[PDB]
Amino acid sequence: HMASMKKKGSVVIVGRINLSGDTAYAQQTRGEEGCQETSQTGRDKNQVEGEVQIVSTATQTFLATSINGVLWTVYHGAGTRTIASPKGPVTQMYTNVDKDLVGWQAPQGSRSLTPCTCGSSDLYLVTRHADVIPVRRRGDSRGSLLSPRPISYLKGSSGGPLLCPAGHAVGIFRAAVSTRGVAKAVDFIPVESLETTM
């Protein structure tokens, strides 16, 4: 009945992939209990840093990547959810189910990647475990792993970046292409689609 209808919680930043130095590594900034509470209130006063965030809802965890002042992620992770922020929940400024893409204004303190203009096909995928995986671009939205891995290795990394050798953003990781459970290729949202969506 109408009186009892519930509200879905916000997406919550729970950590980041640290790429600032010589070694990439995941950092957690909020535990599961505090995540649950923050999703309900939508109020997150934690300091945000970096380009690649680890994000969670009550039921899923994945990544989000700042490019040109927008924190981007996948619709299959975030749906239409707000993101928690210091002043309460923030509505998406981009939503495109056809591209599996959503975006919010980038949090204060985040740093943004620059869209790639290199035209290079030697890419790097950053996972939620801070693995930096070489990927050869094979089309507008496809790349092959130089070393295939079980899909388990990639699960939870949608919303993460594919980068060029210079560290520019080339795309947002969307889906794995698997045969017999092995990811030989990845599907990604090209940065040009983001730049157009914008």
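In case it trips you up, residue 1 is the first one in the sequence shown, and so on.
Taking the mean C-alpha B-factor of each stretch as recorded, 185-193 and 21-29 are not equal, and the higher mean is that of 21-29. In this entry, 116-124 has the higher mean Cα B-factor, the comparison being between 70-78 and 116-124. Out of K155, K45, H168, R137, the entry records its largest CA B-factor for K45. The PDB entry assigns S144 a C-alpha temperature factor belonging to the lowest third of its chain's modelled residues. Sort the modelled residues of the chain by CA B factor and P150 lands in the middle third. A64 sits in the lowest third of its chain by CA B factor, as recorded in the PDB entry.
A58: CA B factor lies in the highest third for its chain, per the PDB record. Looking at the C-alpha B-factors along this chain, the one for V177 belongs to the highest third.
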